[PDB]
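K.L.:
Dropping in protein_20.cif, which is mmCIF, C-alpha atoms:
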data_model
loop_
_atom_site.label_atom_id
_atom_site.label_comp_id
_atom_site.auth_asym_id
_atom_site.auth_seq_id
_atom_site.Cartn_x
_atom_site.Cartn_y
_atom_site.Cartn_z
CA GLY A 1 16.78 17.12 19.70
CA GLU A 2 14.13 17.45 17.02
CA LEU A 3 15.72 15.20 14.40
CA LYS A 4 15.45 12.36 16.92
CA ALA A 5 11.85 13.37 17.63
CA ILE A 6 11.15 13.22 13.89
CA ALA A 7 12.64 9.73 13.66
CA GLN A 8 10.57 8.64 16.66
CA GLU A 9 7.34 9.86 15.09
CA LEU A 10 8.14 8.05 11.84
CA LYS A 11 8.60 4.94 13.95
CA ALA A 12 5.08 5.48 15.35
CA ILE A 13 3.77 5.97 11.82
CA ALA A 14 5.31 2.68 10.65
CA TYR A 15 3.67 0.95 13.64
CA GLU A 16 0.22 2.22 12.68
CA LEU A 17 0.72 1.27 9.01
CA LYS A 18 1.68 -2.23 10.12
CA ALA A 19 -1.62 -2.35 12.02
CA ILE A 20 -3.57 -1.19 8.97
CA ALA A 21 -1.80 -3.80 6.82
CA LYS A 22 -2.95 -6.43 9.33
CA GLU A 23 -6.61 -5.36 9.27
CA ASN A 24 -6.74 -5.03 5.49
CA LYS A 25 -5.38 -8.54 5.08
CA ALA A 26 -8.20 -9.73 7.35
CA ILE A 27 -10.68 -7.80 5.22
CA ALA A 28 -9.26 -9.42 2.08
CA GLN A 29 -9.59 -12.89 3.62
CA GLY A 30 -13.07 -12.34 5.06
CA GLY B 1 11.25 26.36 15.20
CA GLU B 2 10.46 24.51 12.01
CA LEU B 3 11.99 21.19 12.97
CA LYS B 4 9.56 21.06 15.91
CA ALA B 5 6.70 21.97 13.60
CA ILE B 6 7.66 19.02 11.43
CA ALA B 7 7.76 16.71 14.44
CA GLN B 8 4.33 17.94 15.59
CA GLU B 9 2.74 17.33 12.18
CA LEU B 10 4.20 13.82 12.12
CA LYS B 11 2.58 13.29 15.51
CA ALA B 12 -0.76 14.37 14.00
CA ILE B 13 -0.24 11.96 11.09
CA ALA B 14 0.41 9.03 13.45
CA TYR B 15 -2.77 10.07 15.29
CA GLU B 16 -4.91 9.92 12.13
CA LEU B 17 -3.36 6.58 11.13
CA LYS B 18 -4.30 5.26 14.56
CA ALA B 19 -7.87 6.28 13.72
CA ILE B 20 -7.76 4.51 10.35
CA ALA B 21 -6.38 1.39 12.03
CA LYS B 22 -9.33 1.48 14.43
CA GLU B 23 -11.97 1.85 11.72
CA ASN B 24 -10.41 -0.84 9.56
CA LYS B 25 -10.34 -3.16 12.54
CA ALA B 26 -14.08 -2.56 12.88
CA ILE B 27 -14.59 -3.21 9.17
CA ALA B 28 -12.61 -6.44 9.50
CA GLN B 29 -14.98 -7.54 12.29
CA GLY B 30 -17.81 -7.60 9.77
CA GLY C 1 11.73 28.56 3.62
CA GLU C 2 11.60 24.93 2.51
CA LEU C 3 11.40 23.65 6.10
CA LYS C 4 8.16 25.58 6.52
CA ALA C 5 7.02 24.21 3.15
CA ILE C 6 7.70 20.69 4.42
CA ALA C 7 5.75 21.34 7.64
CA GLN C 8 2.86 22.73 5.57
CA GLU C 9 2.65 19.67 3.31
CA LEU C 10 2.73 17.42 6.37
CA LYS C 11 -0.22 19.39 7.75
CA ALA C 12 -2.02 18.74 4.45
CA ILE C 13 -1.19 15.04 4.69
CA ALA C 14 -2.65 14.92 8.22
CA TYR C 15 -5.79 16.61 6.87
CA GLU C 16 -6.29 14.02 4.12
CA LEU C 17 -5.72 11.14 6.56
CA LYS C 18 -8.38 12.69 8.81
CA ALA C 19 -10.75 12.59 5.82
CA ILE C 20 -9.86 8.97 5.12
CA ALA C 21 -10.53 8.08 8.75
CA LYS C 22 -13.91 9.79 8.43
CA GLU C 23 -14.93 7.82 5.35
CA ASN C 24 -13.70 4.53 6.79
CA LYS C 25 -15.73 5.10 9.95
CA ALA C 26 -18.80 5.65 7.77
CA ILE C 27 -18.03 2.40 5.98
CA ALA C 28 -17.65 0.80 9.43
CA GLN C 29 -20.93 2.14 10.86
CA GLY C 30 -22.58 1.22 7.57
CA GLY D 1 17.95 21.56 -3.74
CA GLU D 2 17.02 18.39 -1.88
CA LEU D 3 14.77 20.13 0.66
CA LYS D 4 12.61 21.37 -2.20
CA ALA D 5 12.64 17.82 -3.62
CA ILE D 6 11.33 16.56 -0.27
CA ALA D 7 8.59 19.19 -0.19
CA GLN D 8 7.60 18.21 -3.76
CA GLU D 9 7.40 14.52 -2.94
CA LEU D 10 5.24 15.38 0.09
CA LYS D 11 2.95 17.33 -2.22
CA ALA D 12 2.67 14.21 -4.41
CA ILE D 13 1.84 12.18 -1.31
CA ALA D 14 -0.89 14.63 -0.28
CA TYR D 15 -2.37 14.35 -3.78
CA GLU D 16 -2.52 10.55 -3.63
CA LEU D 17 -4.11 10.67 -0.17
CA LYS D 18 -6.72 13.09 -1.50
CA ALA D 19 -7.44 10.57 -4.26
CA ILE D 20 -7.81 7.82 -1.68
CA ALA D 21 -10.16 9.96 0.42
CA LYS D 22 -12.31 10.53 -2.65
CA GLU D 23 -12.54 6.83 -3.51
CA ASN D 24 -13.29 5.80 0.08
CA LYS D 25 -16.06 8.39 0.18
CA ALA D 26 -17.43 6.77 -2.98
CA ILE D 27 -17.23 3.35 -1.32
CA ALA D 28 -18.99 4.69 1.76
CA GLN D 29 -21.78 6.06 -0.48
CA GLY D 30 -22.26 2.75 -2.29
CA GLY E 1 23.67 12.12 0.80
CA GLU E 2 20.91 11.26 3.27
CA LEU E 3 18.66 14.13 2.17
CA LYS E 4 18.59 12.53 -1.28
CA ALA E 5 17.93 9.14 0.35
CA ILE E 6 14.96 10.69 2.15
CA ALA E 7 13.58 12.15 -1.08
CA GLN E 8 13.99 8.77 -2.77
CA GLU E 9 12.05 6.98 -0.02
CA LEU E 10 9.28 9.58 -0.27
CA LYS E 11 9.19 8.85 -3.99
CA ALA E 12 8.72 5.15 -3.20
CA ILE E 13 5.97 6.11 -0.73
CA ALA E 14 4.10 8.21 -3.31
CA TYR E 15 4.35 5.23 -5.69
CA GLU E 16 2.73 2.86 -3.21
CA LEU E 17 -0.01 5.36 -2.40
CA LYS E 18 -0.70 5.68 -6.12
CA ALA E 19 -1.10 1.89 -6.21
CA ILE E 20 -3.52 2.02 -3.29
CA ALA E 21 -5.56 4.83 -4.88
CA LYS E 22 -5.79 2.67 -8.01
CA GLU E 23 -7.14 -0.34 -6.13
CA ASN E 24 -9.56 1.69 -4.04
CA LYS E 25 -10.87 3.32 -7.21
CA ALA E 26 -11.57 -0.19 -8.55
CA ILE E 27 -13.39 -1.09 -5.32
CA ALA E 28 -15.38 2.13 -5.60
CA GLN E 29 -16.40 1.47 -9.19
CA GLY E 30 -17.87 -1.97 -8.47
CA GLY F 1 23.24 9.94 12.25
CA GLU F 2 19.59 10.88 12.72
CA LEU F 3 19.20 11.65 9.01
CA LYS F 4 20.04 8.03 8.24
CA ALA F 5 17.58 6.97 10.96
CA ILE F 6 14.86 9.02 9.27
CA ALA F 7 15.64 7.49 5.87
CA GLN F 8 15.43 4.03 7.41
CA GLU F 9 12.04 4.67 9.00
CA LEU F 10 10.74 5.93 5.66
CA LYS F 11 11.95 2.67 4.13
CA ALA F 12 9.89 0.75 6.70
CA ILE F 13 6.90 2.97 5.90
CA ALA F 14 7.23 2.22 2.17
CA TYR F 15 7.33 -1.48 3.07
CA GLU F 16 4.06 -1.28 4.99
CA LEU F 17 2.35 0.68 2.20
CA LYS F 18 3.48 -1.98 -0.25
CA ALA F 19 1.71 -4.55 1.95
CA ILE F 20 -1.44 -2.46 2.13
CA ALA F 21 -1.41 -2.03 -1.66
CA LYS F 22 -1.17 -5.81 -1.99
CA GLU F 23 -4.12 -6.43 0.34
CA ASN F 24 -6.31 -3.79 -1.30
CA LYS F 25 -5.62 -5.37 -4.69
CA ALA F 26 -6.88 -8.65 -3.25
CA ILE F 27 -9.97 -6.91 -1.90
CA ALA F 28 -10.53 -5.35 -5.33
CA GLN F 29 -10.15 -8.63 -7.25
CA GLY F 30 -11.50 -10.97 -4.57
#
What's the structure tokens form of this structure?
P.N.:
Amino acid sequence: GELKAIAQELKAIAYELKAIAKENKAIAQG
Amino acid sequence: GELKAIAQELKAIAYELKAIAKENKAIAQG
Amino acid sequence: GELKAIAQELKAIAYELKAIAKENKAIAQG
Amino acid sequence: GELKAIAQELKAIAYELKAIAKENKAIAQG
Amino acid sequence: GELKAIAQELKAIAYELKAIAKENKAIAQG
Amino acid sequence: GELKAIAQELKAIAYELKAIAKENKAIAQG
């Protein structure tokens, strides 16, 4: 149901934030 | 209902974060 | 209802992320 | 109630994102 | 309860976003 | 329960934001 769908989307959000963290570290280092 | 609305907005949020990840990747590439 | 209120704030969050993506792209293209 | 508390925290999150959008716009300008 | 746990995590999230807004403001002002 | 799952994903989100805050501070001061 929709509570699972909500959890799944939060999982996708975490994945994108992890990607942003990675790029911003690269920006800090460069 | 409203739980689906919440799921759909989280989907939109993930989508915008994907876009930020992309632009930051470009910024990190100089 | 508060569930609708939650959905509405998530829509606002998506909107602000969209704006952030827009500015970061401009930084990128700049 | 806790659902209202969640809505309120989301409102605080939207406010901080709006602040970030404003600063990134400033960065883009400069 | 878990609804309280959710509110508490959102509070932590708002806190981190406030930290990011602070740093981006500093970047903007330079 | 899915409510616990949601709380746990929000915890992971707070973790990633903490990392972004750290990197943006380095960008600011670096």
K.L.:
How would you write, as a list in words, the residues chosen by the PyMOL selection byres ((chain D and resi 4) around 9) on this structure?
P.N.:
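With the PyMOL selection byres ((chain D and resi 4) around 9) on this model, the match is residues 2, 3, 5 and 6 of chain C; 1, 2, 3, 5, 6, 7, 8 and 9 of chain D.
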K.L.:
Write out, as a tab-separated table, each residue of chain E that has an atom at most 12 Å from range 18-30 of chain C, together with the closest pair of atoms and their distance in Å to one decimal, counting all atoms listed in the file, rows going by chain and rising number.
P.N.:
residue	atom	partner	partner_atom	distance
E:21	CA	C:20	CA	11.6
E:24	CA	C:20	CA	11.7
E:28	CA	C:27	CA	11.9
K.L.:
Output C-alpha atoms for every residue in the selection just made, as a tab-separated table (two decimals), keeping the file's coordinate frame.
P.N.:
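Saved the output as part34.tsv:
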chain	number	residue	atom	x	y	z
E	21	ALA	CA	-5.56	4.83	-4.88
E	24	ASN	CA	-9.56	1.69	-4.04
E	28	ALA	CA	-15.38	2.13	-5.60
K.L.:
Return the Cα root-mean-square deviation, in Å, for chain B superposed on chain E by least squares with the Cα atoms paired in order.
P.N.:
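Between chain E and chain B, the C-alpha RMSD is 0.3 Å.
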K.L.:
By how many Å are CA of residue 12 in chain D and CA of residue 13 in chain C apart?
P.N.:
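Taking CA of residue 12 in chain D and CA of residue 13 in chain C, their separation equals 9.9 Å.
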K.L.:
Mind giving me the straight-line distance from CA of residue 10 in chain D to CA of residue 14 in chain E in Å, one decimal?
P.N.:
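Those two atoms sit 8.0 Å apart.
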K.L.:
Rounded to one decimal place, report the CA of residue 11 in chain D-CA of residue 17 in chain F distance in Å.
P.N.:
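So the answer is 17.2 Å.
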